[PDB]
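Residue numbers (the authors' numbering), protein chains in the order written: chain b, 1 to 17, 33 to 38, 41 to 90, 98 to 120, 124 to 162; chain z, 1 to 48, 76 to 109; chain y, 4 to 85; chain x, 2 to 46, 53 to 76; chain w, 12 to 32, 35 to 83; chain s, 6 to 55, 75 to 102; chain n, 305 to 335, 338 to 346, 349 to 364, 368 to 376, 380 to 418, 423 to 436, 440 to 455; chain u, 10 to 64, 73 to 92; chain e, 44 to 108. A quick write-up on the structure given underneath.
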Amino acid sequence: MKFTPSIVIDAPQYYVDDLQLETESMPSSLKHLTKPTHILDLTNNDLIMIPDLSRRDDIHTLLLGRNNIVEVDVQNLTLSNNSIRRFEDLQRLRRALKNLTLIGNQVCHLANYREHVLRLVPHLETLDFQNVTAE
Amino acid sequence: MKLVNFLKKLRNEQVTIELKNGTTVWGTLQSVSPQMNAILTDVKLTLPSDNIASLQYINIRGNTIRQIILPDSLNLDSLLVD
Amino acid sequence: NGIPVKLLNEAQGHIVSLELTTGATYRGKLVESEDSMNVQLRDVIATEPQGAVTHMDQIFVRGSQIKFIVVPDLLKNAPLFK
Amino acid sequence: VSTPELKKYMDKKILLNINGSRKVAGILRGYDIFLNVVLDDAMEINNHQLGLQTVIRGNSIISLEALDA
Amino acid sequence: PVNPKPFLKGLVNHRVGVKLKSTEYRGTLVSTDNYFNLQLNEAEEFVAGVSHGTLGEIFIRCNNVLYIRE
Amino acid sequence: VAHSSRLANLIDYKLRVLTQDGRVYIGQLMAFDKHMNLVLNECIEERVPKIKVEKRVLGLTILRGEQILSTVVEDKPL
Amino acid sequence: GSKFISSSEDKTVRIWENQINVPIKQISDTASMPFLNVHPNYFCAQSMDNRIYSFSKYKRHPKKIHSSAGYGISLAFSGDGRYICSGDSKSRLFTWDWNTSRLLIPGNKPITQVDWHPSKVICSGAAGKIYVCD
Amino acid sequence: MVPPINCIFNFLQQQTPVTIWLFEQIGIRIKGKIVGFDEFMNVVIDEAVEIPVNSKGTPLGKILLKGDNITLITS
Amino acid sequence: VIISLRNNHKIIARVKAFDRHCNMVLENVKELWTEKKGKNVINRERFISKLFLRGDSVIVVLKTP
RNA sequence: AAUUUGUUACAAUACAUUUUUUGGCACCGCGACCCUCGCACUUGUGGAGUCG
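Rendered as structure tokens:
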């Protein structure tokens, strides 16, 4: 069940509680959404890598709950319950982002995980639903 | 008599359009209303010293369109016939 | 006749929001509307373009100077459209 | 086509918010289908009255917010 | 007794000046219509009371007009 | 997006909309007008202060055509 | 079927279906059709300026500008030039052309109407006389 | 009710000190006497006087000020 | 002929069409303006072959003999 | 073992001078502190004090 153009065209489309598309092993063929969504819900799928996106200027929210994200190739990124294991794997997020959630990922239990994210991704204001504070 | 008619007659033309706010708009006129509301396809919006933004379909309003820059080759007299 | 006009009329009674050309948003019970969006409203707050807010009783607004009107989402349901 | 229903506001003092961030006050005496206003005169908003009665053009009116309830 | 349109009609083949939505003008009136569009000869462009240039034969669009004067 | 002739034929499509003031209304066109006034189903006004996109969700909106500049298609139906 | 045949100065001949009330068939081949006659074969002979056709051709040089059909399949054609053009109906051949004597103007010599009995021919003429051709 | 047209007519009949405001133009005003009347707000006003507004007096002749740029009347 | 315009554009061009609204079809088109962010002084003009024009833009048309 | 005809209804095929399309265009939030533990459908939402 490839993420295909045909798949995207029959997918529930609605205004959420922003314009959101309701959605797989590999992220691909996003061209067909035509950059018309503010949010894309990819929860409960089997994606391994957050990569493969076309240029999408609209896209501001990515809900990627319960997948198998182990590597990273936009204002809000929800990655709860995935497979990121090393602090260094979170490095690509420095190039984006204000709301970040990485709970229920092995990486969470690494020593200094919170401080590492804060220094390497300073643009984040809320991390794991807690305010990044000055201290 | 009417320029509206002339406009209508101009179909499927890849043209630049200029607005009251100066925006240059490169697109194929698929249709135009009786009140000059331009309907373009294969559209390309550029400002008058900054980067470009392209779009598939744009319906621009008649009041906004200052000057429609016509095509290169065009027989005008013929067009002007009723 | 205009379906937006009809919608506006229907919204009579309801609490509509309403911005003008000036950019001064109002919210209030829509008392009366006309073909030209000549709205009257009750119990109406009035935001300034800069920020500050002011309560006021029975505002009238002329549709010419109105920009956009927000109606409650219940009217989406029925039964004007079909 | 239809008349602006301002019969509620007849013979009451109204803040005519007018073009260019200006104001007018005064008691409402009449109007027409173009929303021109005929009103017994008052000040321009510190403050200074001009005229005995005044006529405001339709186009110029932003708003006519009622001073009296 | 004197309405505007008749005054306008009378003032054909005579000197007039026009302000705009701003720059003053000065020229002899050729003809007028119901919409109050103008056609003038010996047009002089008074840029805030400064005759910048003398254009000659001109046609003023109605909506930009402010007032007429001798 | 499809290759339409008119606006009326593309009813209920998610629409980007520009207005003279510079705001951008986005939402599904429920109903059109003789004077291009638009009813929008789920309308979001998106504005840009003199930096980055400020955002406001409005709801069901009647939008006057005087102020409308131009409309663009954001996405397909549903 | 068609219960009414009609001929008009738009140079057409329509075959009508009356119950539904609309044209069953259109015959445009005429270049005003001023006369028709029904063969007593279920067909019609239609006329025009220079060409007399038939309908379920007839050789004509300019005869311009009525028709009558004998039971023997003889097809009469009255002229405005005063010439009486007789035809066979089957062929299209013209076996005779006559010229009437005007009266005691040369413009007034023509044939306005004509008919056969139920072996004789009766032609009203523009000269204020009826003539009987045997 | 007193319509606007009626008011205008009355003013014309009177010949009184009229002070006109300009649409989308704060700094300038006009002051004269109404002579003409039109179907629209346009009128002719002889012996007019242009005024710079208090945030003096300036010379001006006979004028018709166009109906679209009118705002206020008083007479 | 030359045309003055609301947006400070001196349109020197050959007229082809004409109507009630003073919209114009134009050939041999040569506009004149000044792209200039202050303090600066530049005078620019471009040739265009064929060009439609809207009437609200038009302030004053003129004819130089 | 769909086609044609008639009737009824709706939609499409006009114009510039105030309300739309002949334009008046152009040159609460962020530091601090503390209050409230409440079952809803929302302009907005604690309060004192400091910063913008």
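C-beta: ideal position from N, C-alpha, C; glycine also.
Check	Outcome
For y/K85, three-class secondary structure by DSSP	coil
9 angstroms Cβ cutoff, u/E33 in contact with chain w	yes
CA-to-CA distance, y/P75 to residue 63 of chain s, given in whole angstroms	For chain s, the structure lists 55 followed at once by 75, and that leaves residue 63 of chain s out of the model.
Assigned exposure category for n/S312 - 16 Cβ within 10 Å defines buried	exposed
DSSP state of b/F156 mapped onto helix, strand, coil	coil
is_contact[w/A61, chain e] using C-beta, thresh 9 angstroms	no
Beta-carbon proximity of y/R65 to y/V47, cut-off 9 angstroms	no
6 angstroms Cβ shell around z/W26 - same chain, five flanking residues per side excluded	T16 and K44
Own chain residues within Cβ distance below 7 angstroms of z/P48, not counting five before or after	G22 and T24
Cβ-based neighbour list, s/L82, same chain, cut-off 7 angstroms, excluding 5 preceding and 5 following	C48, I49 and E50
C-alpha distance - b/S45 paired with b/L103, whole-angstrom precision	18 angstroms
Contact list for x/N37 against chain u, beta-carbon separation under 8 angstroms	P13 and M50
Contact list for w/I73 against chain e, beta-carbon separation under 8 angstroms	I102 and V103
Contact under 9 angstroms by Cβ, n/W412 with n/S403	no
For n/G446 and n/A353, the rounded distance between their alpha carbons	21 angstroms
Pairwise C-alpha distance: s/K39 and u/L77	45 angstroms
C-alpha gap between z/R11 and z/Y84, whole angstroms	15 angstroms
Contact with chain s by b/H55, beta-carbon distance below 9 angstroms	yes
Separation of b/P149 from z/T91, as counted between CA atoms	43 angstroms
Beta-carbon proximity check, b/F111 vs b/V134, cutoff 9 angstroms	yes
In DSSP terms, what z/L7 is bridged to	Partner(s): none; z/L7 has no beta bridge.
Status (buried if at least 16 other CB within 10 Å, exposed otherwise) for n/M339	buried
Span of the beta strand (DSSP E), counted from its first residue to its last, around u/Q22	Careful: u/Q22 lies outside any beta strand (DSSP E), inside the alpha helix (DSSP H) at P13 to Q23.
Proximal residues of chain e, C-beta to C-beta of z/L47 below 9 angstroms	What z/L47 touches in chain e: nothing, since even the nearest Cβ is about 12 angstroms away.
Cβ-based neighbour list, y/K9, same chain, cut-off 7 angstroms, excluding 5 preceding and 5 following	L83
b/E88 to y/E22 span [Cα, whole Å]	47 angstroms
CB contact check: e/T107 to chain w, cutoff 9 angstroms	yes
Outcome for y/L77 when other beta-carbon atoms lying within 10 angstroms are tallied against a minimum of 16	exposed
Residues that b/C135 bridges to, as DSSP identifies them	BP columns for b/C135 are empty, so no partner.
Which listed residue (x/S3, x/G65 and x/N54) has its alpha carbon closest to that of x/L40	x/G65
Per-residue contacts from b/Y15 into chain s (C-beta, under 7 angstroms)	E47
Near-chain x residues of the region 54–67 of chain y - C-beta to any C-beta below 8 angstroms	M59, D60, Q61, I62, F63, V64, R65 and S67
Any 3 or more C-beta pairs closer than 8 angstroms across the region 48–55 of chain w and the region 71–78 of chain w	yes
Cβ-based burial, w/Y38 [other Cβ within 10 Å; buried from 16]	buried
The alpha helix (DSSP H) enclosing w/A56, as first and last residue numbers	Careful: w/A56 lies outside any alpha helix (DSSP H), inside the beta strand (DSSP E) at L51 to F59.
Any C-beta of chain x under 9 angstroms from that of u/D55	no
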